Amino acid sequence: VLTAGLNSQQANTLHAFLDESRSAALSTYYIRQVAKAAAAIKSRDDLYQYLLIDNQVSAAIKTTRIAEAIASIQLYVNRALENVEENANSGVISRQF
Amino acid sequence: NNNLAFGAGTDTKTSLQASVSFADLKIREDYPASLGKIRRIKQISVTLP
Amino acid sequence: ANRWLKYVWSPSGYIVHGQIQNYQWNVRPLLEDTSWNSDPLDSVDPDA
Amino acid sequence: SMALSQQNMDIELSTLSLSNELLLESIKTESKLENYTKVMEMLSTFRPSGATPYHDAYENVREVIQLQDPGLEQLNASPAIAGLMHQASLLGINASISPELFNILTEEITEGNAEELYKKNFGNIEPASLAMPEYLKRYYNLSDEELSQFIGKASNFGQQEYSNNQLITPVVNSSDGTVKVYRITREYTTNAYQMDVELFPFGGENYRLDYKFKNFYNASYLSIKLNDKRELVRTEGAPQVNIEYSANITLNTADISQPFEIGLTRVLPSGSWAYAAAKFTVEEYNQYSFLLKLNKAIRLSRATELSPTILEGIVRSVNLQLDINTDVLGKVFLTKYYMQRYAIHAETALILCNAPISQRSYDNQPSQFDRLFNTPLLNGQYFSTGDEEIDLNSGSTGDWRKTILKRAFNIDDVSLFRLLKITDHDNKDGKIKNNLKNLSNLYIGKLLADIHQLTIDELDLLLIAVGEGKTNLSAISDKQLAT
Amino acid sequence: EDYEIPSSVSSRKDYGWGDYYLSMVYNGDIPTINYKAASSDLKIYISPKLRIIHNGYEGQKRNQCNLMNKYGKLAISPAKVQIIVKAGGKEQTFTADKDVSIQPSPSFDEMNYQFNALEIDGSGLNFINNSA
Amino acid sequence: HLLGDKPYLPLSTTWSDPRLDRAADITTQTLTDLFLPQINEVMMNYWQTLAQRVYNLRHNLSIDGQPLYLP
């Protein structure tokens, strides 16, 4: 009810605030309660590296669902190629792509 | 380093000196740090109304 | 540049004769002696 | 499963919101919840085990109502509605305290439940790791520098607590950065009734050895000794009754890991002596490493944006030390209200909560008392010790301390006298009673004059106009003062 | 040589109860598995959780535990808490007092010895039709 | 990742104000070492540097902190 009374110019600052606060909260929960042990996530920085998405960005950054699907994959690939990831498949890495 | 005084030379005792510390002008603070750290004087001109 | 640094140090380790090694430092004197000297060398050359 | 539709390409979304969708789905999936609404209302809202029990609806309300510039003054502007809510609701909005955090803060810490509450507020985290700064900065998302402010979680930093014949306090390793909790036990063995003793750590093996007399003996000197052999404290002359004395001594693990006694020998001019002693032991205990009190200090500080350097004074000055409850929060919320409502210092806001101006100095800063009365050290100092009953009437005189009082309240003698009447309308006499209570109340009448455009004479004209005439600050409750 | 080794295992092949049936090893897990392969070498890292429960044998023995556990406090010697690993033809033994950084508080409901990483020599691992 | 956590480096506030003849404590053929080291900002700057670079990516700024509006 209260949210409903805002101008879009204000709703936008509301969202920026809520989105940044919420993510910190959800991120922390994830790390402590639902993250898997095998992925040794200790902080939000690792959470980024695992889920391939940055949860510490400001709300000012805009994107698209596809732009995030690309990028999140590119990160995955880059870490595979740089041997950050432990065991990428030998027959896949050699592919021309 | 921000004062007025007469000189203490041998031919400057009757000269009037004024001084200013660059550190107290706070020039650096006029622009954000992110623009660069090396901030050096190019030229100085003097106006004496 | 990466490859050449690995001749001195590889955080991921090295393989020798197919064996997985237990060290990162490939320069014997850097691998050995993992403590700081308590007494610095009294010199002017940082290389000494 | 993402569709390659046009709408996933040409619609700009914020980042974070996409991340929140991902985490909410992962979170909803775990624990099998029906919707994101459950993830938020149940799981995130009531999960104290982690950095925070995040309440989304609370923040949704709080942020928008704060976007509404009045800061809830618009509700106060309309008493018929403001009066439908406990003042706490309004205060609980101006401070970032969600209902779950409120309940956490308001529950009192019961030592018999130190483990029981630990398991409520923390998951299965052994204190062994929880207690380390490496873990703490992570658990709480604090700067490692802030962890140094969160030090001394004891009843005091100076004269600490004692109960059931012991002391429970943290001791800091100054170069390691770690802190461990120790229990110092004190049993009486000799004539403690003539003279007492207390031992407080201040670093590892570093102790403040305090003593006190109940009965005067004409000692030529006093010698306090470890196991009656190693001198710890040397005091010359006959020591006095009801005077607290102290010294910094060293007691190593060889001296403190086993039970030991500290002798208190009052050596007379004759070869005889009178003595008192207590048996002490100092041990490190996992049994006390719960620091639930810290969990609160951290959460409260971030909800209030009151760094420990201001906050400890706020909570310790208004209630029993080593705990937090509803009453404490009341003062915290009220302090913030005034700080938020007027362009004033947080200490000013505390005083307006019917708090005294403290004589204690700390953290490389002057005591509150000194800030008001000795900063203007007019060739001597004012002490509020009941002695300097300076004549403060209009046509009155005194030494520089009178001048200090004039200066302290920035008013002349006529107004200074009136200000005494403002505090106490029965104090029509020619004096200051010279204690913190009335000085603090003089300061309050002045503060009411600083927060509103009033002169001292006007403070009374208004009270009369309102019907608050002849209010004694010397007898005003904090509730009445806020009112 | 691509090696497909799961990154986590939580299933059992076998299990059992203690001598007096007043306890058993709790159905625990190997929450993390990592590895490095090389021509003619292999290292597998097992980072197990050994959970002990004072769960007695079903029947009067479980009931004795229920009382043993509810009416007192824990005993278990961490030096003898251990994991035995056999890769093909080679064996290694690890203990909780060496390979666990924090020992669990004594209790009877559950103790969990969380191991850091056991380094396993996989060069002795014998494959049949590429299965080992 | 390579740097790991920034270390905590507490500063000492203790000094004995020793006399010079005593201060001249030497080696041959309550700290043992009367004087203390400084922080080594060159190394500390690696965290400060990365922190800013990351900050900028997170806040949509360019390499020097300037705003940018990329498509």
# chains A, B, ... in the order shown; residues from 1 in each chain; ligands from 1
>>> residues_around(residues="stretch 177-179 of chain D", least_positions_apart="6", cutoff="8 Å", atoms="only C-alpha atoms", output="count of residues only")
7
>>> interface_residues(of="chain F", to="chain D", cutoff="10 Å", atoms="only C-alpha atoms", output="list in words")
residues 5, 6, 7, 8, 9, 10, 11 and 12 of chain F
>>> write_last_selection(atoms="C-alpha atoms", output="CSV table (one decimal), in the first residue's frame")
chain,number,residue,atom,x,y,z
F,5,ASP,CA,42.7,-11.9,2.7
F,6,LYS,CA,44.3,-8.6,3.5
F,7,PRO,CA,46.3,-9.3,6.7
F,8,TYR,CA,45.5,-7.6,9.9
F,9,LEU,CA,48.5,-5.4,10.8
F,10,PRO,CA,48.1,-3.9,14.3
F,11,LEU,CA,50.2,-0.9,15.2
F,12,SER,CA,52.2,-0.7,18.4
>>> select_by_dssp(residues="chain E", states="helix (DSSP H, G or I)", output="JSON, numbers by chain")
{"E": [60, 61, 62, 63, 64, 65, 66, 67, 68, 69, 70, 78, 79, 80, 96, 97, 98, 99, 122, 123, 124]}
>>> write_last_selection(atoms="N, CA and C atoms", output="CSV table (one decimal), in the first residue's frame")
chain,number,residue,atom,x,y,z
E,60,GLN,N,16.1,-53.7,22.6
E,60,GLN,CA,16.4,-53.1,23.9
E,60,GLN,C,17.7,-52.3,23.9
E,61,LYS,N,18.5,-52.5,23.0
E,61,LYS,CA,19.8,-51.9,22.9
E,61,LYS,C,19.7,-50.4,22.5
E,62,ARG,N,18.6,-50.1,21.7
E,62,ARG,CA,18.4,-48.7,21.3
E,62,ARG,C,17.8,-48.0,22.4
E,63,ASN,N,17.0,-48.7,23.2
E,63,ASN,CA,16.4,-48.1,24.3
E,63,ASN,C,17.4,-47.8,25.4
E,64,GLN,N,18.4,-48.7,25.6
E,64,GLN,CA,19.4,-48.4,26.6
E,64,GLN,C,20.2,-47.1,26.2
E,65,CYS,N,20.4,-46.9,24.9
E,65,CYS,CA,21.0,-45.7,24.5
E,65,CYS,C,20.2,-44.5,24.7
E,66,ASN,N,18.9,-44.6,24.5
E,66,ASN,CA,18.1,-43.4,24.7
E,66,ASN,C,18.2,-42.9,26.1
E,67,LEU,N,18.4,-43.8,27.1
E,67,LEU,CA,18.6,-43.3,28.5
E,67,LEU,C,20.0,-42.9,28.7
E,68,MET,N,21.0,-43.6,28.1
E,68,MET,CA,22.4,-43.3,28.3
E,68,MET,C,22.7,-41.9,27.8
E,69,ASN,N,22.0,-41.5,26.7
E,69,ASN,CA,22.2,-40.3,26.0
E,69,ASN,C,21.4,-39.1,26.7
E,70,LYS,N,20.2,-39.4,27.2
E,70,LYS,CA,19.4,-38.3,27.8
E,70,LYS,C,19.7,-38.0,29.2
E,78,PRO,N,39.3,-39.1,20.0
E,78,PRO,CA,39.5,-38.6,18.7
E,78,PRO,C,40.7,-39.2,18.0
E,79,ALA,N,41.6,-39.7,18.8
E,79,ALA,CA,42.8,-40.3,18.3
E,79,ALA,C,42.5,-41.6,17.6
E,80,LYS,N,41.4,-42.2,17.9
E,80,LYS,CA,41.0,-43.5,17.3
E,80,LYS,C,39.9,-43.3,16.3
E,96,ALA,N,41.3,-38.4,13.2
E,96,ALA,CA,40.7,-37.1,13.6
E,96,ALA,C,41.6,-36.2,14.4
E,97,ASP,N,42.6,-36.8,15.0
E,97,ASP,CA,43.5,-35.9,15.8
E,97,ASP,C,44.6,-35.3,14.9
E,98,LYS,N,44.7,-35.6,13.7
E,98,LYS,CA,45.7,-35.1,12.8
E,98,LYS,C,45.0,-34.3,11.6
E,99,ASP,N,44.0,-34.9,11.1
E,99,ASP,CA,43.4,-34.4,9.8
E,99,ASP,C,42.1,-33.6,10.0
E,122,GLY,N,46.3,-42.7,-5.8
E,122,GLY,CA,45.5,-43.4,-6.8
E,122,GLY,C,46.3,-44.2,-7.8
E,123,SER,N,47.6,-44.2,-7.7
E,123,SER,CA,48.5,-44.9,-8.7
E,123,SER,C,48.3,-46.4,-8.6
E,124,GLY,N,47.8,-46.9,-7.4
E,124,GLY,CA,47.6,-48.2,-7.1
E,124,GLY,C,46.2,-48.6,-7.5
>>> interface_residues(of="chain C", to="chain F", cutoff="12 Å", atoms="only C-alpha atoms", output="number ranges by chain")
C: 10-12, 38-40, 42
>>> interface_residues(of="chain F", to="chain B", cutoff="9 Å", atoms="only C-alpha atoms", output="list in words")
residues 64, 65 and 66 of chain F
>>> residues_around(residues="stretch 14-23 of chain B", least_positions_apart="3", cutoff="6 Å", atoms="only C-alpha atoms", output="NGL selection string")
:B and (1-7)
>>> decode(residues="stretch 65-129 of chain E", atoms="C-alpha atoms", output="CSV table (one decimal), in the first residue's frame")
chain,number,residue,atom,x,y,z
E,65,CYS,CA,21.0,-45.7,24.5
E,66,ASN,CA,18.1,-43.4,24.7
E,67,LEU,CA,18.6,-43.3,28.5
E,68,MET,CA,22.4,-43.3,28.3
E,69,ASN,CA,22.2,-40.3,26.0
E,70,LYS,CA,19.4,-38.3,27.8
E,71,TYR,CA,20.5,-38.7,31.4
E,72,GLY,CA,24.2,-37.7,31.1
E,73,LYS,CA,27.1,-36.3,28.9
E,74,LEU,CA,29.7,-38.0,26.9
E,75,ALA,CA,33.7,-41.7,25.8
E,76,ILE,CA,35.0,-41.2,22.2
E,77,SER,CA,38.7,-40.9,21.7
E,78,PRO,CA,39.5,-38.6,18.7
E,79,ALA,CA,42.8,-40.3,18.3
E,80,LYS,CA,41.0,-43.5,17.3
E,81,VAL,CA,38.4,-41.8,15.1
E,82,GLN,CA,39.6,-42.7,11.7
E,83,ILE,CA,39.1,-43.2,8.0
E,84,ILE,CA,40.6,-46.1,6.1
E,85,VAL,CA,41.0,-45.7,2.4
E,86,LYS,CA,41.8,-48.4,-0.1
E,87,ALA,CA,42.4,-47.6,-3.8
E,88,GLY,CA,42.8,-50.7,-5.7
E,89,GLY,CA,45.8,-52.4,-4.1
E,90,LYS,CA,47.0,-49.6,-1.7
E,91,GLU,CA,45.8,-48.6,1.8
E,92,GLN,CA,46.0,-45.4,3.8
E,93,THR,CA,44.7,-44.5,7.3
E,94,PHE,CA,43.9,-41.0,8.6
E,95,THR,CA,42.8,-39.9,12.1
E,96,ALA,CA,40.7,-37.1,13.6
E,97,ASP,CA,43.5,-35.9,15.8
E,98,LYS,CA,45.7,-35.1,12.8
E,99,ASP,CA,43.4,-34.4,9.8
E,100,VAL,CA,40.5,-32.5,11.6
E,101,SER,CA,41.1,-28.8,12.6
E,102,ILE,CA,38.3,-28.6,15.2
E,103,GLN,CA,37.1,-31.4,17.3
E,104,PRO,CA,33.3,-31.5,18.1
E,105,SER,CA,32.1,-30.9,21.6
E,106,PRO,CA,31.3,-34.2,23.4
E,107,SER,CA,27.7,-35.2,23.3
E,108,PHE,CA,25.7,-38.3,22.8
E,109,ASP,CA,23.3,-37.1,20.1
E,110,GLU,CA,25.9,-36.4,17.5
E,111,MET,CA,29.6,-35.7,17.0
E,112,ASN,CA,30.9,-34.7,13.6
E,113,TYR,CA,34.6,-35.0,12.8
E,114,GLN,CA,35.1,-32.9,9.7
E,115,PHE,CA,38.2,-33.8,7.9
E,116,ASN,CA,40.2,-31.3,5.9
E,117,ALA,CA,41.4,-33.5,3.0
E,118,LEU,CA,42.8,-37.0,2.8
E,119,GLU,CA,45.4,-37.2,0.1
E,120,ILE,CA,45.0,-40.6,-1.7
E,121,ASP,CA,47.5,-42.3,-3.8
E,122,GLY,CA,45.5,-43.4,-6.8
E,123,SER,CA,48.5,-44.9,-8.7
E,124,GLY,CA,47.6,-48.2,-7.1
E,125,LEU,CA,44.1,-48.0,-8.5
E,126,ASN,CA,43.3,-51.0,-10.7
E,127,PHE,CA,40.9,-50.6,-13.6
E,128,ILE,CA,38.9,-53.3,-15.3
E,129,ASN,CA,37.4,-52.2,-18.6
